[PDB]
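Shown next as C-alpha cells: one chain only, the form deposited in one PDB entry.
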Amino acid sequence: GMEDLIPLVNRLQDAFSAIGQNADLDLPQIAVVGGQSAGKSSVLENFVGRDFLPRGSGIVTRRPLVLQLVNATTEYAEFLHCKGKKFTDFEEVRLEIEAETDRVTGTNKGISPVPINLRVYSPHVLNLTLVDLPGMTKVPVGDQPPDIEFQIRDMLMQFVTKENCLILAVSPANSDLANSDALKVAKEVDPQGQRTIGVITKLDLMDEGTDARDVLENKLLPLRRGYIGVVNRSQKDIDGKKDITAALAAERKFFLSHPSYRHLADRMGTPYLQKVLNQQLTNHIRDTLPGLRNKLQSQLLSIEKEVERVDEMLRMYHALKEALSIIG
C-alpha cells in the first residue's frame, strides 16, 4: 500500500487512546510480546536510537505503550496526554512513562490496558508503530500481586486475540524456543502462524556448540512471516553507555562473522527488522483497512440504536465517528 497508512492508523490510535481504548477496536497494528527480559525494550530503543524506556527490576511498565515512530526532519517526542509539550530530553520521556504507570496502577501494582501514546519524530526512523505490552512472568516477586502473571497475560490477550493484530513475538536465543512465552501466546491465537513475526534476541549469548540457525531459517518452528535475529546491547554495554550506533555496527559484524548466520546476514539485524516491519505493517494496514472501516461502522450504528455506562458509550460513539472521519 501507501506511505500514508501507518500515520493514518496513528491517528486512529490517538482517537481511541483519548478515551482510553485500543484493544477492543481491532486496529491493524503490531503488538510486541515476550517474556520479561526477552529484549523487547532493547529492540524499541534500538529503533529510536536513544534510551527512553523505564529500566530496573520487576514489572516496570504496566500499560500498553503505543509507540509511534514517525520519520521527520526534526527529532522530538510527544505524549498524547501531554498536549503541546515537545520532549527533547528522552530522559524526561522515560520519567513521563514511569509517571503514567504509577498514576493508573501504582496502588494495586496491577496491569491496565489503557494505552500510553508516545510519538517519536526523527530523521533516523522509518514510519513504524508498535504497541509494546508488558512482558510475561511466572512467579510474583516482592510487592507484585499473586496474580501478576495472569494480569499481564490476560491484558496482552486482549490485544493479540484480535485478528488484525500482528504479533511481534520476541524470544531470546539463549533459551529453548519451545519455552517461549511469546511464541506460546502466538500459537494460541495464531495457530497457523500467519500474523506472527519472530524476533530472536541475544544471539550473542548462545551456548558454545549451539546456534539458532534452524530457528532463523524458519525450520524449527515455521512462521509464514519468518524470524529476524537481532543482537542488542548487553547489560554491561547499557551500563557503560555504549552508543546505539556502535551497537548496530557490532550487530552487523556479528551476523557477517558467525559461521551459522553469515549466509542469512542480510535478512538479520535491527535495520532489516525495522524495514521488514515497516513493510509488513504498511501492507497489513492496506489489506485490513477496508474491513476495519466496516467493523467500526457496525460498532457505531450498534451504539447509536442502543443509545436510543452510557457515558463510556457516548465517548466511544464520538471516537468511532472520529475514526471513520479519519478513514474517510
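Quick note: we count residues from 1 along the sequence shown, nothing fancier. What we label the rigid core is the largest C-alpha set whose atoms superpose within 1.5 Å from one form to the other.
**Q** Taking the mean of the C-alpha B-factors per stretch from the entry, tell me the winner out of 266 to 274 and 295 to 303.
**A** If you average the C-alpha B-factors of 266 to 274 and of 295 to 303, the larger mean comes out for 295 to 303.
**Q** Tell me which stretch has the larger mean Cα B-factor in this entry, 92 to 100 or 163 to 171.
**A** Averaged over C-alpha atoms, the B-factors run higher in 92 to 100.
**Q** Checking the record values for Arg63, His284, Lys40, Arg50, which has the greatest CA B factor?
**A** Of the candidates given, the C-alpha B-factor peaks at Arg50.
**Q** Whose CA atom has the top B-factor in the entry, of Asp181, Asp211, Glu75, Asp176?
**A** If I rank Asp181, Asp211, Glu75, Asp176 by C-alpha B-factor, first place goes to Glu75.
**Q** For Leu256, return the chain-relative third of its C-alpha B-factor as stated in the PDB record: lowest, middle or highest.
**A** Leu256: CA B-factor falls in the lowest third of its chain.
**Q** Place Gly226 in the lowest, middle or highest third of its chain's C-alpha B-factors, as listed in the PDB entry.
**A** Answer is middle: the recorded C-alpha B-factor places it there.
**Q** Once the chain's modelled residues are ordered by C-alpha B factor and cut into thirds, is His124 in the lowest, middle or highest one?
**A** Answer is highest: the recorded C-alpha B-factor places it there.
**Q** Ranking every modelled residue in this chain by its Cα temperature factor as given in the entry, which third contains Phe79?
**A** Within its chain, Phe79 is a middle-third residue by C-alpha B-factor, going by the deposited values.
**Q** Tell me, lowest, middle or highest third: where does the Cα B factor of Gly193 rank within its chain?
**A** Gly193: CA B-factor falls in the lowest third of its chain.
The discussion below concerns the form deposited in another entry, not included here.
**Q** Which single residue of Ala182, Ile197, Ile111, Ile200, after superposing the core, moves its CA by 2 Å or more between this form and the one not shown?
**A** The displaced C-alpha is that of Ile111.
**Q** For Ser234, is the CA shift between this form and the one not shown at least 2 Å following rigid-core superposition?
**A** After core superposition, the C-alpha of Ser234 moves less than 2 Å between this form and the one not shown.
**Q** For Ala38, does the CA position differ by 2 Å or more between this form and the one not shown when the superposition is done on the rigid core?
**A** The answer is no; the displacement is under 2 Å.
**Q** Honestly, after the rigid core fit, is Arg224 moving at least 2 Å at Cα between this form and the one not shown?
**A** Moves: no, less than 2 Å.
**Q** Could you tell me whether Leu8 and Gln274 have their C-alpha atoms closer or farther apart in the other entry than in the shown form, knowing the shift is 3 angstroms or more?
**A** Compared with the shown chain, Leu8-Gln274 is farther in the other entry.
**Q** Compared with this form, is the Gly269-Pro7 Cα separation smaller or larger in the other entry, the difference being 3 Å or more?
**A** Between the C-alphas of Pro7 and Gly269, the gap widens in the other entry (3 Å or more compared with this form).
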